[PDB]
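Here's the structure, in structure tokens; my notes come after.
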Amino acid sequence: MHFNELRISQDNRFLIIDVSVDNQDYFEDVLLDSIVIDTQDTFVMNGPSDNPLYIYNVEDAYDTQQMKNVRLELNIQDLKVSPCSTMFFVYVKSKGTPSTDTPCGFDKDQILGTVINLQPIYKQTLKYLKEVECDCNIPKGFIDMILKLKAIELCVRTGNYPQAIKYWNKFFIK
Amino acid sequence: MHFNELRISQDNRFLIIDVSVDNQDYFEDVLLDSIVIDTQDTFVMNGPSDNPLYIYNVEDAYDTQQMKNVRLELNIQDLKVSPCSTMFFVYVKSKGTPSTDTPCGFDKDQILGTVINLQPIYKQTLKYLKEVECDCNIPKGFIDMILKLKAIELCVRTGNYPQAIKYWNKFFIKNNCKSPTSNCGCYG
Amino acid sequence: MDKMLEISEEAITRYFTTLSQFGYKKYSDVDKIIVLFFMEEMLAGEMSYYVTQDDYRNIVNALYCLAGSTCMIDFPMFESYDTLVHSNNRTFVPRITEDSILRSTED
Amino acid sequence: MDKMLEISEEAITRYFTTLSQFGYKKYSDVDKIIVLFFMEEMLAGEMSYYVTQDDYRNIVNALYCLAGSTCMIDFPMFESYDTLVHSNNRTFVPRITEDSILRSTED
Amino acid sequence: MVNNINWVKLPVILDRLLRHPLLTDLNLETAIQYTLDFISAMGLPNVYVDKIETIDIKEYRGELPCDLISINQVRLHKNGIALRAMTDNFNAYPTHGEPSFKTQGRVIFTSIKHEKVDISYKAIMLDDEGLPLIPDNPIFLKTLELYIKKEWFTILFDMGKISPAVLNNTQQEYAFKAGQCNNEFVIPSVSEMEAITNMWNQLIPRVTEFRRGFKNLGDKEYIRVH
Amino acid sequence: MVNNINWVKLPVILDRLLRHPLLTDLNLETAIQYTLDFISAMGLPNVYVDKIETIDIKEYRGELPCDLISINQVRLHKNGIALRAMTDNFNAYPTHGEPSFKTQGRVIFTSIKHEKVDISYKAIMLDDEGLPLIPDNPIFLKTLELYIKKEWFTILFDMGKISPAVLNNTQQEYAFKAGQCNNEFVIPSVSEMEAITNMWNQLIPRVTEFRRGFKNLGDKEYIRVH
Amino acid sequence: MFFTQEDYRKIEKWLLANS
Amino acid sequence: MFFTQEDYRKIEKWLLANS
Amino acid sequence: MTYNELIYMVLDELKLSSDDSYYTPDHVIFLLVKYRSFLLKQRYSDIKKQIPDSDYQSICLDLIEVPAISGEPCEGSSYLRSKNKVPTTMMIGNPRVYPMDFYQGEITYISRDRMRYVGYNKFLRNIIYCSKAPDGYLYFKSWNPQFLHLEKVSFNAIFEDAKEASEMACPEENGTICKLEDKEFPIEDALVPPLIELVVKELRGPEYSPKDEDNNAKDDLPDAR
Amino acid sequence: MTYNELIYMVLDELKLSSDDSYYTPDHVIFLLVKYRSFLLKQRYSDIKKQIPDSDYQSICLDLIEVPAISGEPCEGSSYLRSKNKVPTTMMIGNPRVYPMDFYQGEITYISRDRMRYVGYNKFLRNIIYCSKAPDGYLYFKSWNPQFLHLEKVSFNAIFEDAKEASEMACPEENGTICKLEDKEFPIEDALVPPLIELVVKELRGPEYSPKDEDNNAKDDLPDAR
């Protein structure tokens with residue numbers, strides 16, 4: 001099970017989630033179960049936390065192949081969070097048993113995808129480039145921002161979300 | 001032709017390949033011919049080597065949408081190679097003729113995509129991660145690891161495969177990884 | 001957890017490997033080893049029933065201070081398939097060159 | 001673009017060539033390399049959709065501060081056939097020695 | 001001190017000593033000893049870490065912190081009144097005033113039975129290893145280098161392995177740089193000269209900054225206009 | 001200083017040193033070390049780069065800039081009042097006025113809980129490699145040349161590879177050029193002498209230049225005519 | 001945590017396992 | 001794997017609901 | 001250079017080529033090893049000078065924990081010691097025990113007398129100290145119980161017997177060199193011509209001296225037989 | 001001048017022309033190199049003087065990354081060492097390691113003992129260091145991780161063995177010179193007559209000494225056979 005697109009809308013008003021189940025033959029029995037949204041405040045390592053930001057159960061929408069693909073567009077202001085200074089964690093679940101021929105390690109019910117707003121980062125890069133235009137010297141804040149973004153990338157791809165939030169809160173919010 | 005999912009499983013077992021011909025009607029006729037796997041030791045500038053690591057002819061199966069899309073789950077132990085210290089070259093040959101009026105260059109019967117295990121490289125980079133916190137000092141290890149990875153990335157994206165092999169040999173050929181245990185770890 | 005076990009075993013094995021090669025490890029790092037294995041036995045014992053999720057948050061965010069502190073303790077690696085910027089593999093398929101009253105359409 | 005990729009590939013190849021011959025490059029120059037490949041990544045991904053023409057102008061004018069800054073980054077060469085003083089290959093073809101009411105006259 | 005005490009690790013001195021082929025058998029074990037000897041022989045207060053730590057008095061006695069080297073002051077925790085040196089010879093001994101104190105080892109002998117006292121004391125800045133941490137001031141580094149060089153050459157000269165002229169030159173250089181370092185770490189800064197000036201020029205002298213923690217030693221003395 | 005501090009690269013000094021065949025074994029490493037040693041020993045304030053940088057105080061503590069060496073002043077961001085040095089021993093420690101500051105390492109101990117302060121400090125002009133950058137004043141270059149030569153010949157004389165007369169001559173020359181350099185960099189220029197003149201001649205003395213950033217120290221003191 | 005139903009069924013299955 | 005108090009509360013409440 | 005080259009230079013200067021020679025190469029090895037220490041002391045004992053890298057050798061030792069005296073409780077703390085007896089260093093060079101990496105670690109090689117009283121300084125309670133006991137072993141001492149886990153050290157010094165320390169030489173990348181003749185002799189080239197001259201002078205006179213050659217129950221040296 | 005000219009000058013002065021001679025040209029080569037080192041130290045150790053370029057010699061080194069002790073997470077940072085063993089240098093000249101351009105680069109070559117405590121100064125953190133370890137290789141250390149990328153260097157110094165450094169000499173434009181006899185001997189021509197005199201004096205007396213000629217299970221040297 002995987003993500004098709006997991007993006008925040010360019011208008012900074014919707015959080016786009018478009019999930020799908022993998023096309024391989026032995027997820028025929030497997031479906032999509034729920035969508036749980038967490039922020040940098042309510043995250044826990046062991047799956048979604050209690051009192052989450054927004055829970056979604058997918059039988060509610062439909063009345064079986066329609067249930068294998070889902071698309072959500074959440075008005076972020078309705079979630080009562082800041083679209084610019086929020087890092088969303090999007091969990092998904094399966095509620096379904098694959099066949100007995102699955103190769104090992106592929107049978108995992110849950111996934112996760114981190115989300116942030118790239119507009120503030122784009123504005124910071126534009127500001128630093130404007131500074132570079134004057135006298136052709138590289139500000140050190142620009143290199144610091146680049147390397148800290150790469151640090152958060154490494155933390156996310158290695159799954160070390162606690163230190164990822166620590167860096168986010170320490171550098172890209174305050 | 002294009003690649004949908006080209007990856008090594010994070011458990012260091014399976015070299016995952018998922019090819020699918022383009023959905024545009026120009027390429028409706030063209031079909032996949034074979035899958036040839038090469039490593040940095042059996043690589044040649046043009047086309048696959050005459051001593052590859054694995055061959056798979058598509059036509060030795062059901063023969064049309066099944067022919068247009070093919071997927072493999074090759075286990076690496078059968079290939080007698082190391083998942084982490086190896087860089088695979090995936091060649092896909094197409095059999096057919098694209099209909100005329102397609103813009104040129106799109107009608108490339110052969111496509112190539114490389115593979116590397118990024119987990120051990122992240123393991124190396126985590127050692128220098130915390131240099132980012134420490135101000136007053138340049139995070140030199142972090143920068144060095146990032147540039148080492150991006151050298152391979154750019155040399156791949158520009159088609160400069162020989163220098164990519166040279167950089168891989170210089171940097172990451174001595175990578176270590178936990179060999180997957182044959183007894184399948186049971187969970188779900 | 002099953003992972004605090006692995007980190008603790010790795011840390012103390014590295015400690016005794018250093019004491020085999022050298023004859024000295026900084027006690028400022030022996031303190032970190034002590035904290036680490038004390039926490040793991042705390043969480044894998046009869047005192048794991050007194051922890052809320054807020055306590056879990058605090059414990060994890062305090063243990064991550066020990067991650068890259070010394071060579072004995074390393075940043076753990078989890079199975080992750082995410083990133084800060086994701087790829088858009090959606091495809092475009094309009095219906096016979098049609099549009100809605102304002103915009104485009106697909107299958 | 002397809003040219004930022006070439007410039008970055010050349011720049012990092014030169015960087016590691018120097019680190020092969022030598023064991024040192026100025027980190028004031030590694031900073032320029034970092035800026036260069038960060039821009040290359042950002043413009044060739046999902047972040048380019050926020051780019052206006054004013055943003056493109058500013059980005060190009062900021063990147064050209066990197067042009068001759070180091071040996072790694074070099075001035076790009078584009079296909080051009082112009083100059084500040086163009087040639088005059090027009091030919092004069094008088095007709096029947098005919099002056100007009102005031103000016104001369106050709107075909 | 002005009003300059004700032006940026007801290008660096010001890011082997012920065014062995015970076016510099018072992019340039020000399022006659023000092024190549026020096027070690028961190030020797031560096032630690034001679035560095036502590038130099039720190040004490042110089043007695044510069046800017047090299048120590050200012051710390052404050054409260055203790056309780058059981059009966060005219062209290063436990064002293066582990067890292068204490070010198071006491072800036074002692075005061076009562078509740079009043080804030082500072083303590084003086086105890087001139088009394090029979091403090092905690094009865095037969096059949098203003099508070100004071102005395103410190104010898106890990107014990108502080110106050111004149112109060114049961115109270116908490118605040119001690120502002122000086123210690124040594126340590127490293128991640130339990131080792132001393134030295135200033136990187138090149139004057140300090142050069143003087144410490146010359147101290148260690150002079151000691152080692154004194155040993156070699158007692159052995160007869162160094163010419164007496166060499167040792168005389170080393171001692172001369174070390175003496176000049178010892179004076180230079182002493183002045184460098186002692187002469188006040190501009191901000192410290194404002195404190196000294198405010199202390200110096202006083203139409204109505206202030207002679208009771210010991211009761212406070214010398215808080216108002218440096219405040220300006222403003223006279224109203226009539 | 002009469003002249004201007006035009007900056008030039010470190011290997012200039014090796015261009016001058018290596019003309020002596022007895023100094024051909026010097027390297028950029030030794031140049032860097034002895035250049036830092038010389039810059040610190042002379043302590044010339046015109047060689048350092050004046051910078052100003054604002055920090056925020058958390059609770060009687062603040063983070064200090066990385067390149068700081070000496071602090072000219074510290075003031076409050078909102079009011080502009082300068083901070084004197086700390087005379088207190090119990091600054092942030094409570095029990096059961098005039099602002100001040102104190103700096104030891106990368107931390108500044110001020111007497112204010114939550115405020116921003118401006119610090120005027122001095123650092124080293126650095127090179128694009130990231131190395132110290134020296135003036136081209138040939139008096140400075142000559143004195144640094146003689147400093148490095150004196151250290152090298154001292155080492156050789158310790159081994160016994162240099163005559164005592166040669167070392168004595170080198171020390172004598174270096175001593176004279178050190179005096180010459182100190183007078184070169186410290187004697188006021190004509191405009192600095194105007195500032196000193198306006199500071200010296202004052203019918204109504206000004207004794208509050210520190211509250212401002214010594215801004216009006218050289219301001220001419222005008223008397224109205226009656 | 002966010003338990004799914006099937007996990008609860010597993011829990012009661014293994015609890016009534018010692019029935 | 002790891003449980004907190006709240007996880008046990010959910011499990012026991014869900015047991016009692018269906019008994 | 002190797003033991004073989006020095007040995008055969010001495011032999012060829014003396015022309016002891018026949019197998020039926022009174023003075024065998026073993027005499028040459030003995031004289032070379034002793035005259036090496038003699039020359040090194042004569043050159044580097046008067047006043048302190050730079051010692052080249054050629055005069056040194058690295059031995060590798062395997063350490064074992066041993067009681068101070070016996071297995072009693074009150075007999076003091078235990079010491080580590082090398083498994084085998086260690087060569088005696090000369091006091092002219094830069095002896096150093098390092099943990100298989102010369103550029104790292106701090107193990108201090110001190111005198112026997114000093115090591116009785118070390119580590120009382122609170123900042124020197126974590127420094128490992130070394131000395132060669134009269135037993136002939138290298139004993140280790142410290143106040144930091146971590147030292148007892150140490151298993152392997154290498155000791156670099158100008159050892160007083162080249163043969164002993166070369167026999168204890170550390171394993172090379174290719175492997176151990178069995179024959180001493182194929183190992184490298186520990187001396188600077190500037191001291192090699194004097195060494196050969198001294199050894200050749202030592203054996204030149206004895207080379208041509210008479211022998212008690214008649215088997216007649218008699219001493220035949222007074223008659224120059 | 002080459003090794004051949006010096007060797008055959010010594011031989012012709014000794015008139016060791018017959019192939020049936022006890023003292024071959026290898027004796028001459030050994031004596032020449034050892035007396036070269038002897039003369040260089042005798043001339044350039046008492047006090048500091050100018051060393052001409054002729055006593056200097058160059059080698060080519062290929063660098064490989066190695067662990068400090070072994071592959072472990074806590075054994076310290078890695079080093080760069082030459083693939084092959086490096087000749088010992090003489091502490092009389094200007095040893096220098098350069099990145100194949102003498103007039104560029106700063107790779108300091110320092111003492112092995114100093115190299116332990118190095119790089120702590122903030123401005124010396126990008127300087128590459130060298131020292132010939134007791135293993136025999138030339139190890140490299142620095143705090144700027146870029147040094148590990150360095151692959152190939154050169155090393156100029158007055159080496160202890162002329163032969164060892166001649167074998168490791170840099171390739172020339174024409175190519176490698178197979179025969180040691182065709183390489184340039186590293187000594188100034190002002191020191192050559194002393195060297196030839198010393199070596200000829202070394203072998204003059206032995207050239208006319210008696211040999212144990214008879215094959216009779218007996219030592220025949222006392223009889224001047």
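Labels for the structure tokens follow display order: chains A, B, ..., residues from 1 in each chain, ligands from 1.
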Subject >> Counting only C-alpha atoms, chain H residues within 12 Å of chain A, as a VMD selection string >> reply: chain H and resid 1 to 7 9 to 10
Original post:
stretch 2-106 of chain C: which residues are helix (DSSP H, G or I) by DSSP, as a PyMOL selection string?
Top reply: chain C and resi 3-21+27-43+48-50+53-66
Least-squares superpose chain J onto chain I - every C-alpha atom, paired in order - and show me the moved coordinates as a CSV table (one decimal) with C-alpha atoms, in the first residue's frame.
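Output (part-v6.csv):
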```csv
chain,number,residue,atom,x,y,z
J,1,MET,CA,68.9,-3.3,5.7
J,2,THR,CA,68.4,-6.7,7.4
J,3,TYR,CA,70.4,-8.8,9.8
J,4,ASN,CA,71.7,-10.9,6.8
J,5,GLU,CA,73.3,-7.9,5.0
J,6,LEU,CA,75.1,-6.8,8.1
J,7,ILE,CA,76.2,-10.3,9.2
J,8,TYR,CA,77.5,-11.2,5.8
J,9,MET,CA,79.2,-7.8,5.3
J,10,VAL,CA,81.2,-8.4,8.5
J,11,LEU,CA,81.9,-12.0,7.5
J,12,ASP,CA,83.0,-11.1,4.0
J,13,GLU,CA,85.3,-8.3,5.3
J,14,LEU,CA,86.8,-10.9,7.7
J,15,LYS,CA,86.6,-13.5,4.8
J,16,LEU,CA,85.1,-16.1,7.1
J,17,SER,CA,83.6,-17.9,4.1
J,18,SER,CA,84.7,-21.5,4.7
J,19,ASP,CA,82.2,-23.6,6.7
J,20,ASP,CA,85.2,-25.0,8.5
J,21,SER,CA,85.8,-21.6,10.2
J,22,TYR,CA,86.2,-21.1,14.0
J,23,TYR,CA,84.0,-17.9,14.0
J,24,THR,CA,80.5,-18.6,12.8
J,25,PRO,CA,77.8,-16.1,12.0
J,26,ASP,CA,76.4,-16.4,15.6
J,27,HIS,CA,79.6,-14.7,16.9
J,28,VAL,CA,78.9,-12.0,14.4
J,29,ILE,CA,75.3,-11.7,15.5
J,30,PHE,CA,76.2,-11.4,19.2
J,31,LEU,CA,78.9,-8.9,18.6
J,32,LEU,CA,76.7,-6.8,16.3
J,33,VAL,CA,73.9,-6.5,18.8
J,34,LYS,CA,76.2,-5.8,21.7
J,35,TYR,CA,78.1,-3.1,19.8
J,36,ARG,CA,74.8,-1.7,18.6
J,37,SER,CA,73.8,-1.1,22.2
J,38,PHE,CA,77.3,0.2,22.9
J,39,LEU,CA,77.3,2.7,20.1
J,40,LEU,CA,73.7,3.9,20.8
J,41,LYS,CA,74.6,4.6,24.4
J,42,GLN,CA,77.9,6.3,23.4
J,43,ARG,CA,76.1,8.6,21.0
J,44,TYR,CA,72.9,9.4,22.8
J,45,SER,CA,73.7,9.5,26.6
J,46,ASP,CA,76.2,12.3,26.9
J,47,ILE,CA,73.6,15.0,25.9
J,48,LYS,CA,70.1,14.9,24.5
J,49,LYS,CA,69.8,14.7,20.7
J,50,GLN,CA,67.3,13.4,18.1
J,51,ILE,CA,67.0,9.6,17.8
J,52,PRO,CA,65.9,8.6,14.2
J,53,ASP,CA,63.1,6.1,13.8
J,54,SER,CA,65.6,3.5,12.6
J,55,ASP,CA,67.1,2.8,16.0
J,56,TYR,CA,63.5,2.3,17.3
J,57,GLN,CA,61.8,-1.1,17.2
J,58,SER,CA,58.4,-2.5,18.1
J,59,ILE,CA,57.0,-5.6,19.9
J,60,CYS,CA,53.6,-7.1,20.4
J,61,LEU,CA,52.5,-7.8,24.0
J,62,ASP,CA,49.5,-9.8,25.3
J,63,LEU,CA,48.3,-8.7,28.7
J,64,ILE,CA,47.0,-11.0,31.5
J,65,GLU,CA,45.6,-10.0,34.9
J,66,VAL,CA,47.7,-11.2,37.8
J,67,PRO,CA,47.6,-10.8,41.6
J,68,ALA,CA,50.0,-8.3,43.2
J,69,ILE,CA,51.5,-11.0,45.5
J,70,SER,CA,49.1,-13.9,45.4
J,71,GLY,CA,45.4,-14.5,45.6
J,72,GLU,CA,44.4,-12.9,48.9
J,73,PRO,CA,41.8,-10.3,49.9
J,74,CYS,CA,44.2,-7.8,51.5
J,75,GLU,CA,47.3,-8.2,49.3
J,76,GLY,CA,46.4,-5.1,47.2
J,77,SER,CA,44.8,-4.4,43.8
J,78,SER,CA,45.6,-6.6,40.9
J,79,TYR,CA,48.0,-5.7,38.0
J,80,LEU,CA,48.1,-6.4,34.3
J,81,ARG,CA,51.3,-7.9,33.0
J,82,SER,CA,52.6,-9.1,29.6
J,83,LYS,CA,52.4,-12.8,29.1
J,84,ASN,CA,56.0,-13.1,28.1
J,85,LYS,CA,59.1,-11.3,29.4
J,86,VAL,CA,59.9,-7.9,27.9
J,87,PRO,CA,63.3,-6.7,26.7
J,88,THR,CA,65.0,-4.0,28.6
J,89,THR,CA,64.9,-0.6,27.1
J,90,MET,CA,67.6,2.0,26.6
J,91,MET,CA,67.0,5.3,28.4
J,92,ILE,CA,67.9,7.5,25.4
J,93,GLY,CA,64.8,7.7,23.2
J,94,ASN,CA,61.0,7.9,23.4
J,95,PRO,CA,59.7,4.6,24.9
J,96,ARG,CA,56.0,4.4,24.2
J,97,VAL,CA,53.2,1.9,24.8
J,98,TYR,CA,50.2,2.3,22.5
J,99,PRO,CA,47.0,0.4,21.9
J,100,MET,CA,48.0,-0.8,18.4
J,101,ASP,CA,47.5,2.8,17.0
J,102,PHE,CA,50.6,4.9,17.6
J,103,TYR,CA,48.6,8.1,17.1
J,104,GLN,CA,46.0,7.3,19.8
J,105,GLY,CA,45.9,6.4,23.4
J,106,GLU,CA,47.9,7.4,26.5
J,107,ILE,CA,49.6,4.4,28.2
J,108,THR,CA,52.5,6.0,30.1
J,109,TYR,CA,55.8,4.0,30.4
J,110,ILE,CA,57.5,5.1,33.6
J,111,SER,CA,60.4,4.0,35.9
J,112,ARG,CA,59.8,1.0,38.1
J,113,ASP,CA,60.7,3.0,41.2
J,114,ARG,CA,58.2,5.8,40.4
J,115,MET,CA,55.4,3.4,39.7
J,116,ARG,CA,54.9,2.7,43.4
J,117,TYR,CA,53.6,6.2,44.2
J,118,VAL,CA,51.4,7.0,41.3
J,119,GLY,CA,47.8,7.9,40.6
J,120,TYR,CA,47.1,9.8,43.8
J,121,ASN,CA,46.5,13.0,41.9
J,122,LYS,CA,42.8,13.3,41.2
J,123,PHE,CA,43.3,14.1,37.5
J,124,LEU,CA,45.8,11.3,36.9
J,125,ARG,CA,43.4,8.5,38.0
J,126,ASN,CA,42.5,7.3,34.5
J,127,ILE,CA,46.1,7.0,33.1
J,128,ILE,CA,47.6,3.6,32.5
J,129,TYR,CA,51.2,3.1,33.6
J,130,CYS,CA,54.0,0.6,32.7
J,131,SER,CA,57.3,-0.5,34.1
J,132,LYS,CA,59.5,-3.5,33.6
J,133,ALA,CA,59.5,-5.2,37.0
J,134,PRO,CA,62.4,-7.2,38.3
J,135,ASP,CA,60.6,-10.3,37.3
J,136,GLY,CA,61.2,-9.2,33.7
J,137,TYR,CA,57.6,-8.6,32.7
J,138,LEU,CA,56.0,-5.3,32.0
J,139,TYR,CA,53.4,-4.6,34.7
J,140,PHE,CA,50.5,-2.3,34.3
J,141,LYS,CA,48.8,-0.2,37.1
J,142,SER,CA,46.0,2.4,37.2
J,143,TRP,CA,43.2,3.6,39.5
J,144,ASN,CA,40.5,3.4,36.8
J,145,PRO,CA,39.3,-0.3,36.9
J,146,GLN,CA,38.7,-0.3,33.2
J,147,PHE,CA,42.4,-0.9,32.5
J,148,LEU,CA,42.1,-4.6,33.5
J,149,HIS,CA,39.9,-5.1,30.4
J,150,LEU,CA,42.8,-4.1,28.1
J,151,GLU,CA,44.0,-7.2,26.3
J,152,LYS,CA,46.7,-6.4,23.8
J,153,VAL,CA,49.2,-3.5,23.4
J,154,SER,CA,52.3,-2.6,21.5
J,155,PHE,CA,55.6,-1.2,22.8
J,156,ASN,CA,58.0,1.0,20.8
J,157,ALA,CA,61.5,1.8,22.2
J,158,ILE,CA,65.2,1.6,21.6
J,159,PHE,CA,65.5,-1.9,23.1
J,160,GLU,CA,68.7,-3.1,24.7
J,161,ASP,CA,68.8,-6.4,22.7
J,162,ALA,CA,67.9,-6.1,19.0
J,163,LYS,CA,67.5,-9.8,18.9
J,164,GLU,CA,65.1,-10.2,21.8
J,165,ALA,CA,62.9,-7.4,20.5
J,166,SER,CA,63.1,-8.8,17.0
J,167,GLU,CA,61.8,-12.1,18.2
J,168,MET,CA,58.8,-10.4,19.8
J,169,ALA,CA,58.2,-8.2,16.8
J,170,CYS,CA,54.7,-7.3,15.7
J,171,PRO,CA,53.2,-9.4,12.8
J,172,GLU,CA,53.4,-7.7,9.4
J,173,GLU,CA,50.7,-7.5,6.8
J,174,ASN,CA,52.3,-10.4,4.8
J,175,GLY,CA,52.8,-12.4,8.0
J,176,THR,CA,55.5,-13.4,10.4
J,177,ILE,CA,59.1,-13.5,9.2
J,178,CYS,CA,60.5,-16.9,10.5
J,179,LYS,CA,64.2,-16.1,10.2
J,180,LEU,CA,65.9,-13.5,12.3
J,181,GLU,CA,68.2,-13.0,9.4
J,182,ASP,CA,65.3,-11.6,7.3
J,183,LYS,CA,64.4,-8.9,9.9
J,184,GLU,CA,65.4,-5.3,9.8
J,185,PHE,CA,68.4,-4.5,12.0
J,186,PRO,CA,67.5,-1.6,14.3
J,187,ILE,CA,70.3,0.9,13.7
J,188,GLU,CA,70.6,4.1,11.6
J,189,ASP,CA,72.8,3.8,8.5
J,190,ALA,CA,74.9,6.7,9.8
J,191,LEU,CA,76.0,4.3,12.6
J,192,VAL,CA,76.6,1.2,10.5
J,193,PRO,CA,80.2,1.9,9.3
J,194,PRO,CA,81.3,2.5,12.9
J,195,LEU,CA,79.6,-0.7,14.0
J,196,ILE,CA,81.1,-2.8,11.2
J,197,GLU,CA,84.6,-1.3,12.0
J,198,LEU,CA,84.3,-2.1,15.7
J,199,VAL,CA,83.2,-5.7,15.1
J,200,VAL,CA,85.8,-6.4,12.4
J,201,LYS,CA,88.4,-5.0,14.8
J,202,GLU,CA,87.0,-7.2,17.5
J,203,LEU,CA,87.5,-10.3,15.4
J,204,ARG,CA,90.5,-9.4,13.2
J,205,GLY,CA,93.2,-10.4,15.7
J,206,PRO,CA,91.5,-13.6,16.9
J,207,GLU,CA,90.9,-14.6,13.3
J,208,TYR,CA,94.7,-15.3,12.9
J,209,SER,CA,95.4,-16.5,16.4
J,210,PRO,CA,96.9,-20.0,17.0
J,211,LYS,CA,94.7,-22.9,18.1
J,212,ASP,CA,95.4,-25.9,20.4
J,213,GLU,CA,95.4,-28.2,17.4
J,214,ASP,CA,97.2,-31.3,18.6
J,215,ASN,CA,95.1,-34.0,20.4
J,216,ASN,CA,97.8,-35.0,22.9
J,217,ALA,CA,96.4,-34.3,26.4
J,218,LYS,CA,98.5,-31.1,26.5
J,219,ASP,CA,98.1,-27.3,26.2
J,220,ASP,CA,99.8,-26.3,22.9
J,221,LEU,CA,99.0,-22.6,23.0
J,222,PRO,CA,102.4,-21.5,24.5
J,223,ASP,CA,104.2,-23.1,21.6
J,224,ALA,CA,102.0,-21.2,19.0
J,225,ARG,CA,100.5,-24.4,17.7
```
**OP:** Would you please work out which residue, of B:136, B:4, B:70, B:181, is nearest to residue F:106 when using only C-alpha atoms?
**Re:** B:136
**OP:** Find the residues of chain F in contact range of chain D, meaning any atom within 12 Å when counting only C-alpha atoms, and list them as a list in words.
**Re:** residues 126, 127, 128, 129, 130 and 131 of chain F
Original post:
For chain D against chain A, which residues fall within 10 Å using only C-alpha atoms, given as an NGL selection string?
Top reply: :D and (28-32 or 34-35 or 38-39 or 42 or 46-51 or 55-56 or 58-66 or 69)
**OP:** Find the residues near residue H:15: any atom within 8 Å, counting only C-alpha atoms, skip ones fewer than 4 places away on the same chain, and give them as a PyMOL selection string.
**Re:** (chain G and resi 12) or (chain H and resi 11+19)
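Atom CA of residue F:156 to atom CA of residue F:10 spans 23.7 Å [interatomic distance, one decimal].
The interatomic distance for the pair atom CA of residue F:143 and atom CA of residue F:181 works out to 7.1 Å.
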Can you give chain G as a CSV table (one decimal) with C-alpha atoms, in the first residue's frame after you superpose it on chain H, pairing all C-alpha atoms in order for the least-squares fit?
```csv
chain,number,residue,atom,x,y,z
G,1,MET,CA,5.8,-2.7,21.2
G,2,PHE,CA,5.8,-0.6,24.4
G,3,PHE,CA,2.2,-0.3,25.4
G,4,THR,CA,1.0,2.8,27.3
G,5,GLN,CA,-1.5,2.5,30.1
G,6,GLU,CA,-4.3,4.2,28.1
G,7,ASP,CA,-3.9,1.5,25.5
G,8,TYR,CA,-4.6,-1.1,28.1
G,9,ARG,CA,-7.6,0.8,29.3
G,10,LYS,CA,-8.8,0.8,25.7
G,11,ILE,CA,-8.3,-3.0,25.5
G,12,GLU,CA,-10.3,-3.7,28.7
G,13,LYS,CA,-12.9,-1.1,27.7
G,14,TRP,CA,-13.5,-3.0,24.4
G,15,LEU,CA,-13.4,-6.4,26.1
G,16,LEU,CA,-16.0,-5.5,28.7
G,17,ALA,CA,-17.8,-4.0,25.8
G,18,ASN,CA,-19.2,-7.5,25.2
G,19,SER,CA,-19.9,-7.9,28.9
```
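For stretch 70-222 of chain J, the set of residues given strand (DSSP E) by DSSP on the backbone reads residues 79, 80, 81, 82, 96, 97, 98, 107, 108, 109, 128, 129, 130, 131, 132, 138, 139, 140, 141, 152, 153, 154, 155, 156 and 157 of chain J.
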Original post:
Quick one: of B:158, B:82, B:69, B:125, who's nearest to residue B:113, counting only C-alpha atoms?
Top reply: B:158
Original post:
Taking only C-alpha atoms into account, what are the residues of chain C at most 6 Å from chain I, put as number ranges by chain?
Top reply: C: 19-20, 22-24
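Once stretch 220-225 of chain E and its same-chain neighbours fewer than 3 positions away are set aside, residues 194, 195, 196, 197, 198, 199, 200, 201, 202, 203, 204, 205, 206, 215, 216 and 217 of chain E; 84, 97, 98, 99, 207, 208, 210 and 211 of chain F remain within 12 Å of it when counting only C-alpha atoms.
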